[PDB]
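Asker: In the order they appear, the protein sequences are chains I, D, E, B, H, J and A. Start counting the first sequence at 7; every next residue gets the next number (the authors' numbering). Start counting the second sequence at 7; every next residue gets the next number (the authors' numbering). Start counting the third sequence at 7; every next residue gets the next number (the authors' numbering). Start counting the fourth sequence at 7; every next residue gets the next number (the authors' numbering). Start counting the fifth sequence at 7; every next residue gets the next number (the authors' numbering). Start counting the sixth sequence at 7; every next residue gets the next number (the authors' numbering). Start counting the seventh sequence at 7; every next residue gets the next number (the authors' numbering). Every residue gets a Cβ at the ideal spot worked out from N, C-alpha and C, and that includes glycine.
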Amino acid sequence: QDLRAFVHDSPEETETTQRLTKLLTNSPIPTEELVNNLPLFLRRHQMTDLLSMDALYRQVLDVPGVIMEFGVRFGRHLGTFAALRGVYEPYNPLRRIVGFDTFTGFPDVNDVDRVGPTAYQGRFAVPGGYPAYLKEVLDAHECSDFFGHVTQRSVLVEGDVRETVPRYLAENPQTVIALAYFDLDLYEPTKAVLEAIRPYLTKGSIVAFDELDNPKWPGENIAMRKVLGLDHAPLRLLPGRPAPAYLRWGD
Amino acid sequence: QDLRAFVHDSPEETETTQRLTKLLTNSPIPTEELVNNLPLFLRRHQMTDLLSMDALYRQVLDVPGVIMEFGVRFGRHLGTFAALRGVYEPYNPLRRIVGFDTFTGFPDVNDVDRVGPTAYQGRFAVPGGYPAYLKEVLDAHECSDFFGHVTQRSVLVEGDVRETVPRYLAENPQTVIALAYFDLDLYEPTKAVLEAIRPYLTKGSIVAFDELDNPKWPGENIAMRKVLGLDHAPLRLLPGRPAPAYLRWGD
Amino acid sequence: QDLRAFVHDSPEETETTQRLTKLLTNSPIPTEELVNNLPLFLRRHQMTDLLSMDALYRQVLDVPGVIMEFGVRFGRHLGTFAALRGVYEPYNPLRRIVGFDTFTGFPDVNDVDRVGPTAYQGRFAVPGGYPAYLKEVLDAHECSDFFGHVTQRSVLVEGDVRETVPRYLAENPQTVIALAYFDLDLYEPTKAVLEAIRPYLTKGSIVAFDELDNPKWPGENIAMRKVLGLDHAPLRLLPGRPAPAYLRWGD
Amino acid sequence: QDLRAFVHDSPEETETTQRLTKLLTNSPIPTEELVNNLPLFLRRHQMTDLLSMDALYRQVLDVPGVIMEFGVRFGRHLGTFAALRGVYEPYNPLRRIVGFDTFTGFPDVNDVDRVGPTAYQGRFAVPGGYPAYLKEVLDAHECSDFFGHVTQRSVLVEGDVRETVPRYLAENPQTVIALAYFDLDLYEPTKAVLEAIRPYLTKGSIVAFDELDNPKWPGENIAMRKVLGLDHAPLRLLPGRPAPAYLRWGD
Amino acid sequence: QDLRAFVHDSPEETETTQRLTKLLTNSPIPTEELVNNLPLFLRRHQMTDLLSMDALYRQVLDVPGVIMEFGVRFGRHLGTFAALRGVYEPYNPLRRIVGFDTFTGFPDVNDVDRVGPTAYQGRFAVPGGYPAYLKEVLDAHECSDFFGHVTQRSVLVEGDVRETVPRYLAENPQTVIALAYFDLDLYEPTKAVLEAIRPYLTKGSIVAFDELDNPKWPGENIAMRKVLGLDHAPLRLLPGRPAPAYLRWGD
Amino acid sequence: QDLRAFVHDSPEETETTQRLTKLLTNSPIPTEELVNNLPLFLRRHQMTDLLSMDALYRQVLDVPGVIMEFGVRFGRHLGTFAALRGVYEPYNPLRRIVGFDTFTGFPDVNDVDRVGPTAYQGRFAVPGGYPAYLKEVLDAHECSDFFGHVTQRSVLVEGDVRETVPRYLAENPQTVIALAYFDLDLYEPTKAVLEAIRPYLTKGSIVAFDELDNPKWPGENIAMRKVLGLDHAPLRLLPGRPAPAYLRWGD
Amino acid sequence: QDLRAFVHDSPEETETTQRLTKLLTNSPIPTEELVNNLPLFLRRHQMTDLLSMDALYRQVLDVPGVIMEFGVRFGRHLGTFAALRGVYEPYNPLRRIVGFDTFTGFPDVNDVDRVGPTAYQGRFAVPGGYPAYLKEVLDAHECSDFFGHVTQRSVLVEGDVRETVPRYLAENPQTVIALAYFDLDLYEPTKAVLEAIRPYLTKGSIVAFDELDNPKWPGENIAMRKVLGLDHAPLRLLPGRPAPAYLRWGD
Ligand SMILES: Nc1ncnc2c1ncn2[C@@H]1O[C@H](CSCC[C@H](N)C(=O)O)[C@@H](O)[C@H]1O
Ligand SMILES: Nc1ncnc2c1ncn2[C@@H]1O[C@H](CSCC[C@H](N)C(=O)O)[C@@H](O)[C@H]1O
Ligand SMILES: Nc1ncnc2c1ncn2[C@@H]1O[C@H](CSCC[C@H](N)C(=O)O)[C@@H](O)[C@H]1O
Ligand SMILES: Nc1ncnc2c1ncn2[C@@H]1O[C@H](CSCC[C@H](N)C(=O)O)[C@@H](O)[C@H]1O
Ligand SMILES: Nc1ncnc2c1ncn2[C@@H]1O[C@H](CSCC[C@H](N)C(=O)O)[C@@H](O)[C@H]1O
Ligand SMILES: Nc1ncnc2c1ncn2[C@@H]1O[C@H](CSCC[C@H](N)C(=O)O)[C@@H](O)[C@H]1O
Ligand SMILES: Nc1ncnc2c1ncn2[C@@H]1O[C@H](CSCC[C@H](N)C(=O)O)[C@@H](O)[C@H]1O
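Here's what the structure looks like:
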């Protein structure tokens, strides 16, 4: 296998990324103004991810239910949703944001996922004790929400989605899922979650995938073709971006 | 169970409510002008409910049939509908408003309902002889409707909806249901009412829930997933408001 | 001489008002729940007013600036605006609501105003100390706004608008007027104020009149025709309602 | 029972109707000008019926086939369609108007039809010889049609629709039905006619009902639910009018 | 001088009119059912007139102000408007209907008016005391209006419009004109009224002419060209009908 | 059976037709300019047919495939199509126009076709040698088409469609049918051709009938009801015209 | 000067025209059926001219007034208009069709018209006595109009437009011009008529030119630029066709 056939950063993207890291970490901005100037360090690729999440969220503002992410890593998307929920929904204490991850990286891989060299147990592990920090970040956002006095509006569920997702659902019979964001990369957990969330979607719910047509991670495609079929609903892109691919339930 | 995980009033929301109550009861406004200045005392949260009811009503203006509320309490919504019916349909004597309730609170609760501390029989009980008072309120509105001379345009049906709803439908084979507003909280009566009203709905009829995705009251969701499925039709919010969740039958 | 040629309440309308008044003041609803059930006592005519204000507010949600009402009486419209502002603009602390009145009724009437038997000095006077009460009412609402910590978001200006409006404007050079609601009834103050607010309107600003084509109060029409002409912009009704008459500046 | 729960004329509506009747029959208008000033005597309620037939007619101008009314009485609607056909379709000699009736009133009633005190044999009977008069009225209209030389564009079919409708259809195999207006009030004949006309409807054909949700006449509702179901197509009102309820075949 | 170049009735139109006149005045329909069956006698030409007036009325439903007709004769249009005001605006007691006429025919004529042989003083005169009968007819309609207790909602002003229209305006300074219907036929009075009404129109008000391009009555055209110019606004027809021609002020 | 109940020419339509014919054959127009002034001799009824053909054709400009007429006679529609194909599709040599006919009138007739007097064998026959002449007419048109070097873009298929249509289809397996125009009048061949063309239609293809609801030729209706059902797709008129009736395949 | 740089018939276009002429004059079609089969002989170029006239007429269906063609020749467009008026406006006897021509060719050419070899006096002359034949053709159409009893609905005005157009307008003060079709080719008359018709156009009136940007006839352009300017209104093509160029008055 030629590693260059997989999507990877150009020398230029790496340099931009490194330079911005340096300028953030060695900034002459007074410390208490840094969080007021973050777009200085938010480059095209990452800006694009933010704008995509906003696009997805704007499509479920008239749909009841919660937002769910499978595959959280450091929580980039969860931070986005928490901010976006403040922007769009000050008066919606029921828009719960729920993140699922082992927080210890890939639990185990299936043969179908072994395409490139990063398909191994432990990949994307974040540091020990990470969830408590991420929760602390989320709580910092919620502190100034109109419904900040209501708790469990952000929830991190730690462990294998194959177990945690059905358990979460059993414990929350009130669930409707407005937006389901799949970023697991792996075939087995994707398939299992797709199956479990099905009774809690309504027509109009968004199902989104981070890696559906990526050669390095065919698992999500394989899972989709198995549980539903690629033409079960219309899979769409936000024009100009390879990801996410997303569908509107019932369409 | 942490009670703060359930939606509850902020201290400032309580304060607003309490101050407005006091300013309503101790007012330099002549008593004869109070009903000409009610918005002085109608805070955001309740104004929102009024706007929501108006929004749902406007969606059934071209749909034949009647308006039904399952779960009335003091009758806030019934009064709204009566006023709105005047605004929109002076020439429609067949737009009957029917409110079902025990008027003695929750008759009995199912296991699935006991998530929180208010899940007891008698909860939301209104005083003795309340239905007659509400009838007087409704009559007072209708007294100046264009079709005020026609009776039973507002009907209060006392008792368990498990029997009163099939009984009302039986006594009224002419029924078409334009708007079904569900506020029963409990699994059992919701399921029963859903099943009973189904043959009286047309494509375009609105079925609306007050608590579809509230952790405190999962019985409406459980009932929905049992009788119909969350994706039977597109469930929707009016953007910015946790509730009602509503669907357009047949969509 | 024929007073029936002026709009007045039918016997039934009078009946509705008195009855609902009686039912409000002698309600079995626990006193602390009354402000949660105000629609019971909100009749068609008043509901219509509320819906109209909402319709006007919605037309300026993408227009910067403040809301001004000229002629407040007990503050029916100010309460409405204050609640709607919570509904629509939790994050807009610049949307100031400004009500102008003598609060002692008509200060001095012109001959053109003297069409009916109620065009007298001091007509619509409210009790001494009223502005402080109304301010308490508005403070009560603002208590639980997202930006409740910011003061002077509701301002009552007491005096003859012929002097107080130009003074307010001179004191607030940041002013842009999104919504100007005219409810003074009288020719001279309407003329004066129409002239003064003009440099503070943008294309898209709404100017509304409560009695533009009412035989009993021709002053607003007379003022309009003299200052701008009736075809300066398109004057509109919300269909089904004799009032308000409103125009979008620049259309 | 209490008859006042049934839709009935107000004292004022009765007054309007009697006054207009007297003003028509005892008028200073020259006799040859009466038919040029009919709207003087056409009150809101009957104007509404006319505007409704017009709205229904306009929806089938792009649909091939004939117009049928079941339940003609004096022929109010037949006169309307004959005029409207002139307005919109000078060049369509195939737009046949067919009216069915006993012209001797209700032939017999089912038990479900006996809610009110008018549900007996002979009800709504028209005098002997009436059909021949009604044909005179129709012929009079057609005399000035562009296709006035083509006979049988208006047809009165006398008898019980249970027999006459299928008979008419068998004798007319070219039939397409663009508009079917149901005004029989009773259950069994509505049911029979519904089942009969089905093979002659196209998608877009209008099926309309005068009494679908009237408590006094539940037969049409019962028939509809028995034959098709209330959610077979979207049943609709023209906004602000209790009747007719109509559907677009295939929607 | 060919009279067949003027629009006149065909033999068939004449026959239809005569027959319907006979069938109306010699009807076997019970006297109390006549005004429930008037469309039996309303032929194409007149039905067309009715639908045209309805079309114009619908275009001013969101325009404040009154309806004026200049040239009333027997009042066909006034009756139409009275019914239509009921259909569309039960809650607008300010929609005054004002009809201007000598009620004794053409007061005098101009030479430009003398194209055909019906341009003589007294043409279209109605019997003595006619305004009292027409007022009785209008009062009959209003008797059952929601705002029936408000008087002078219909006004017949007798005299030459050249003086009566400016006098009406001077006495009613609250006037906005939503719909102005010119049916005077003659140049001079049309000219004078067009000039008088102008300060009372808003953008969106409708001005309609019954005979704008009629070779028999060039008066309205000459007047229009003199006062405004034919391209002052877009003059329009309702497709398929020679009259009325109308414009939306300001367009 | 009254023959006046079938559509037939009025005396005036006959007169117009006979006059135009005489004016054509006895024209002072120079012979070589006649084909530049044909609209002089094209009356309303025939102009309408042309506009209808153009309307149907415009609906299939984005649909692949050929144009078929069943029932050609002298070739009126084939000539229209040839010219229209020039107007809209100079660059489409695959838009073949195929006309089927015996060219000897009806080959037989069924009992259901025998409603009128002209339902006999050989009705609508054209002279011996006629197809060769018609072919000469079409070749003249194609001579100046952009793709006039490609042959068989117009094809006359002589014989009974019961045999020739399936034979044509077997010989042309590339066939898609964009527009199928039925003008056979008769039950049996309509039925046969309807079944045969089905596999060659796409969603969007237009099926059109010239006689669908004509009492004199109920065969096409009988065929439709038997093969597809009148509600298989929406049958449509071009407003104002009794015919064609046409449907969009798959709607 | 190269005459090839002017638009002219290709050999194939010439061949088509001559063949069709031959086939029309030696046709086996029974003489009485010729006028039922004209599209056989209507080639693309001529079909195109008909569809454009139809497109133009369709755009003035809601505009009052008459249709004028300046430059009639053999009357092709007038025939088209007569028939289209039948298709679209059976009920509009005021839609006068007025054609102006010398009927003896170009009266005299300006120097700016002498670009090609056909720019000479007498060019396009029609036989002596032609107008009576054309009128007889027009009368033939009108014979079967709904308003056929109204005369002068077609007018041929013989003479020089510089004199006849102003005379016609002076004699017809009721004139509104819905559609003005310029086909004079020459500068002087085009300028004169443009100036003359202006006071009779309304906003929406269509002004169309047959030779606006034709090198061989620059006279219409020169006149447009002198009288109004090319950017007075938006000049438009029906896409695909070099002519007509048309504008919508007031756009
Ligand atoms: N079976 C499973 N259960 C829980 N998490 C899983 C899982 N399989 C994969 N994951 C998680 O999916 C994540 C993929 S990385 C996703 C986050 C993304 N990089 C962002 O910044 O937005 C990893 O953290 C991995 O631990
Ligand atoms: N089985 C049952 N039959 C009748 N009423 C029931 C019921 N189960 C619950 N309810 C009622 O549901 C109500 C919920 S409180 C909802 C009312 C609220 N004020 C509003 O505006 O709609 C209670 O009053 C309770 O008595
Ligand atoms: N010149 C002036 N200066 C200040 N207030 C004036 C004024 N002229 C009239 N007003 C006020 O205009 C008011 C009219 S009543 C307004 C009613 C109120 N907006 C409601 O919704 O109920 C009176 O209070 C009167 O005092
Ligand atoms: N079985 C049946 N067969 C024929 N006519 C019937 C019938 N049952 C009821 N009807 C007729 O239905 C009619 C209802 S009254 C219809 C009123 C009329 N359409 C209008 O617009 O005014 C009666 O005339 C009655 O004779
Ligand atoms: N100067 C004037 N003052 C008042 N009326 C005038 C007038 N000049 C003409 N008229 C009136 O214009 C009328 C024209 S006939 C109007 C008919 C009526 N609009 C209908 O719908 O049937 C006549 O009644 C005539 O009296
Ligand atoms: N079974 C059959 N097979 C082939 N042609 C048939 C047929 N039945 C009827 N036809 C033909 O259908 C034609 C009907 S006349 C249709 C032609 C019309 N002028 C037009 O513009 O299209 C006749 O020519 C007849 O010969
Ligand atoms: N000054 C003038 N007065 C009257 N007619 C004129 C004219 N100048 C040119 N014409 C006429 O304009 C015509 C141009 S040919 C017109 C062709 C025609 N419109 C068609 O559709 O076939 C000629 O007949 C010519 O006589």
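Residue 38 (chain J) versus chain A: which residues are under 7 Å apart at the beta carbon?
Answerer: 27
Asker: Is the stretch 51 to 59 of chain B in contact with the stretch 101 to 118 of chain B, if contact means three or more CB pairs nearer than 8 Å?
Answerer: Under the three-pair Cβ rule at 8 Å, the stretch 51 to 59 of chain B does not count as touching the stretch 101 to 118 of chain B.
Asker: Can you find at least 3 beta carbon pairs, one from the stretch 29 to 39 of chain D and one from the stretch 67 to 75 of chain E, that sit closer than 8 Å?
Answerer: no
Asker: For residue 208 (chain J) and residue 131 (chain J), what's the separation of their Cα atoms in angstroms?
Answerer: Rounded to the nearest whole angstrom, the C-alpha separation of residue 208 (chain J) and residue 131 (chain J) is 33 Å.
Asker: With a threshold of 8 Å between beta-carbons, can residue 160 (chain B) be considered close to chain H, or not?
Answerer: no
Asker: Give me the Cα-Cα distance between residue 155 (chain E) and residue 56 (chain D), rounded to the nearest whole angstrom.
Answerer: A straight-line Cα-Cα distance of about 27 Å links residue 155 (chain E) and residue 56 (chain D).
Asker: Near residue 102 (chain E), which residues of its chain fall below 8 Å by C-beta distance, leaving aside the five closest residues on each side in sequence?
Answerer: 72, 73, 158, 159, 160 and 161
Asker: From the beta carbon of residue 213 (chain D), is the nearest beta carbon of chain I less than 8 Å away?
Answerer: no
Asker: Check whether chain E comes within 8 Å of residue 139 (chain H), counting only Cβ atoms and requiring the distance to be less than that.
Answerer: no
Asker: In chain J, what lies closer than 9 Å to residue 136 (chain A) by C-beta?
Answerer: 34 and 35
Asker: Residues of chain E with a CB under 8 Å from the CB of residue 3 (chain H): which are they?
Answerer: Because chain H spans 7 through 257 in this model, residue 3 (chain H) falls outside it and cannot be assessed.
Asker: Could you tell me which of B:222, B:243 and B:136 sits nearest to residue 8 (chain B), measuring between CA atoms?
Answerer: B:222
Asker: To the nearest angstrom, how far is it from the Cα of residue 76 (chain J) to the Cα of residue 204 (chain J)?
Answerer: 14 Å
Asker: Can you give me the Cβ contacts of residue 22 (chain B) inside the same chain, cut-off strictly under 8 Å, excluding the 5 residues immediately before and after it?
Answerer: Counting only Cβ-Cβ distances below 8 Å, and skipping sequence neighbours, we find 49.
Asker: Return yes when the C-beta of residue 51 (chain H) is under 7 Å from any heavy atom of ligand 4, and no when it is not.
Answerer: Outside the cutoff, so no.
Asker: Tell me which residue opens and which closes the beta strand (DSSP E) that residue 186 (chain A) is part of.
Answerer: 183 to 188
Asker: Could you tell me which uninterrupted alpha helix (DSSP H) segments, each at least 4 residues in length, are contained entirely in the stretch 124 to 170 of chain E, listed from first to last along the chain?
Answerer: 136 to 148
Asker: Is there at least one non-hydrogen atom of ligand 7 closer than 7 Å to the beta-carbon of residue 77 (chain A)?
Answerer: yes
Asker: Using CA coordinates, which residue listed in J:233, J:128, J:40 and J:248 is at the minimum distance from residue 25 (chain A)?
Answerer: J:40
Asker: Compare the C-alpha of residue 231 (chain J) against each of B:135, B:95, B:213 and B:175 and name the closest.
Answerer: Residue 231 (chain J) has its Cα closest to that of B:175, out of B:135, B:95, B:213 and B:175.
Asker: For residue 119 (chain H) versus residue 206 (chain H), is the C-beta distance shorter than 8 Å?
Answerer: For the pair residue 119 (chain H) and residue 206 (chain H), the CB atoms are not nearer than the 8 Å cut-off.
Asker: May I ask you to report which of helix, strand or coil DSSP gives residue 174 (chain E)?
Answerer: helix
Asker: Interface residues of chain A around residue 152 (chain B) at Cβ under 7 Å?
Answerer: Those are 96 and 152, listed as they occur along chain A.
Asker: Where do the N-terminal and C-terminal ends of the beta strand (DSSP E) with residue 251 (chain D) fall, by residue?
Answerer: 251 to 254 is the span of the beta strand (DSSP E), which, as asked, contains residue 251 (chain D).
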